[PDB]
Amino acid sequence: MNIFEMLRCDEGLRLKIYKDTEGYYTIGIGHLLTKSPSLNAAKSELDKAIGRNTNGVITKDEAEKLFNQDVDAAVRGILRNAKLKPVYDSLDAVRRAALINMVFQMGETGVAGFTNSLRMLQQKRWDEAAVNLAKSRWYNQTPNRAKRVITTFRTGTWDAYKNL
Ligand SMILES: *SC1=NC(C)(C)N(O)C1(C)C
Ligand SMILES: [Cl-]
Ligand SMILES: [Cl-]
Ligand SMILES: [Cl-]
Ligand SMILES: [Cl-]
Ligand SMILES: [K+]
Numbered sequence: 001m002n003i004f005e006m007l008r009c010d011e012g013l014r015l016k017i018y019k020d021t022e023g024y025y026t027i028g029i030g031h032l033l034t035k036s037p038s039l040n041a042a043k044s045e046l047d048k049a050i051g052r053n054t055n056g057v058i059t060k061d062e063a064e065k066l067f068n069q070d071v072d073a074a075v076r077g078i079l080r081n082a083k084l085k086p087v088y089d090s091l092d093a094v095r096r097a098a099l100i101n102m103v104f105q106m107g108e109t110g111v112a113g114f115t116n117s118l119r120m121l122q123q124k125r126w127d128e129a130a131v132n133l134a135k136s137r138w139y140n141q142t143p144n145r146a147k148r149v150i151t152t153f154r155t156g157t158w159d160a161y162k163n164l
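Residues in the sequence shown are numbered consecutively from 1, following the entry's author numbering.
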């Protein structure tokens, strides 16, 4: 397991534009295209992202290219955020992946607002952090995925992913 395999588990792979768990147009491995309800707007974002006139359909290689960029962007967002970087730097590599996963799903600003959970993670109070992380819209709307991410923070293991 690693962050790529982890997010690939959590996000799936679909080569045609689809709506994500929030109803937003998405493609590939959880590549968010737009929050606009306009499919035409989403297709325009897709063509811009890929660099060609797509029919709303991409290849697996193209999906993986966007995925690598999105994982990189999530790490970059963590490292340039004054709230997320200290927590990231304090974590082991398995729990770092859990934080990248959250930023991939909800964005840097959203995760940076989890002030009390972040403090408990920085303090390495793992069970308390896990309890606090579940008191969230995130957990309520995507509880199975949030449970996997939270178990990863709680244990520092891949137990929630290695037997999927
Ligand atoms: S989890 C997971 N990742 C891949 C895509 C390799 N899978 O088939 C699972 C087991 C759903
Ligand atoms: Cl089209
Ligand atoms: Cl330490
Ligand atoms: Cl709490
Ligand atoms: Cl709550
Ligand atoms: K998805």
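We put the beta carbon where it would ideally sit given N, CA and C, even for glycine.
Nearest-angstrom Cα separation, counted from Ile17 out to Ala41: Here residue 41 corresponds to residue number 41 of the sequence shown, with the count starting at 1. Here residue 17 corresponds to residue number 17 of the sequence shown, with the count starting at 1. Their Cα atoms are separated by approximately 12 Å.
Meets three-Cβ-pair contact criterion under 8 Å: the region 64-71 and the region 3-23: yes
Going by the C-beta, is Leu164 closer than 8 Å to any heavy atom of ligand 1? Residue mapping note: residue 164 aligns to position 164 of the sequence shown, counting from 1. For ligand 1, at least one heavy atom lies less than 8 Å from the Cβ of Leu164.
At a threshold of 8 Å, does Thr21 count as lining ligand 6 (C-beta to nearest heavy atom)? To locate residue 21, count along the sequence shown from 1; it is residue 21. Yes, the beta carbon of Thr21 sits closer than 8 Å to at least one heavy atom of ligand 6.
May I have the straight-line CA-CA distance separating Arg125 from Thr54, to the nearest angstrom? Locating residue 125 in the sequence shown gives position 125, counting from the first residue. Locating residue 54 in the sequence shown gives position 54, counting from the first residue. Approximately 47 Å, taken between the alpha carbons.
How many Å lie between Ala130 and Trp158 at the Cα? Taking the first residue of the sequence shown as position 1, residue 130 is located at position 130. Taking the first residue of the sequence shown as position 1, residue 158 is located at position 158. When rounded, the distance between both Cα atoms is 15 Å.
According to the neighbour-count rule (16 or more other Cβ atoms, all chains shown, within 10 Å of its Cβ), is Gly28 buried or exposed? Against the sequence shown, residue 28 aligns to sequence position 28. Result: buried.
Close-in-space but distant-in-sequence residues of the same chain around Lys19 (CB under 8 Å, 5 per side omitted): Against the sequence shown, residue 19 aligns to sequence position 19. Excluding residues within five positions, the ones whose Cβ falls inside 8 Å are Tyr25, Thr26.
Should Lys124 be listed as close to ligand 4, given that the test is whether its C-beta is under 8 Å from any heavy atom? Translated into the one-based positions of the sequence shown, residue 124 becomes position 124. Checking every heavy atom of ligand 4 against the Cβ of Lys124, none is found closer than 8 Å.
Along the chain, where does the alpha helix (DSSP H) that runs through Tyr139 open and close? Translated into positions along the sequence shown, residue 139 becomes position 139. 137-141 is the extent of the alpha helix (DSSP H) around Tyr139.
Apart from the five residues just before and just after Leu46, which ones in its own chain have a Cβ nearer than 8 Å to its Cβ? In the sequence shown, residue 46 corresponds to position 46, counting from 1. So the list reads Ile17, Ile27, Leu33, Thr54, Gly56, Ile58, once near-sequence residues are dropped.
Can the beta-carbon of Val87 be found less than 9 Å from the beta-carbon of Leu121? The residue given as residue 87 occupies position 87 in the sequence shown. The residue given as residue 121 occupies position 121 in the sequence shown. Taking 9 Å as the Cβ cut-off, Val87 and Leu121 qualify as a contacting pair.
Any contact between the region 102-116 and the region 127-145? By contact I mean 3 or more CB pairs, one from each, below 8 Å. yes
Measure the CB-CB distance between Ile78 and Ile50 and report whether it falls below 9 Å. Within the sequence shown, numbered from 1, the residue matching residue 78 stands at position 78. Within the sequence shown, numbered from 1, the residue matching residue 50 stands at position 50. No, they are not a contact pair.
Taking the alpha helix (DSSP H) that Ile50 falls in, what are its first and last residues? Residue numbering aside, residue 50 sits at position 50 when the sequence shown is read from its first letter. Residues 39-50.
Is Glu62 buried or exposed, if buried means 16 or more other CB atoms sit within 10 Å of its CB? As a first step, residue 62 is located in the sequence shown; it is residue number 62 there, counting from the start. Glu62 should be labelled buried.
Under 9 Å, do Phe153 and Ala98 count as touching if we go by C-beta distance? Translated into the one-based positions of the sequence shown, residue 153 becomes position 153. Translated into the one-based positions of the sequence shown, residue 98 becomes position 98. For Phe153 and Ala98, yes; Cβs fall inside 9 Å.
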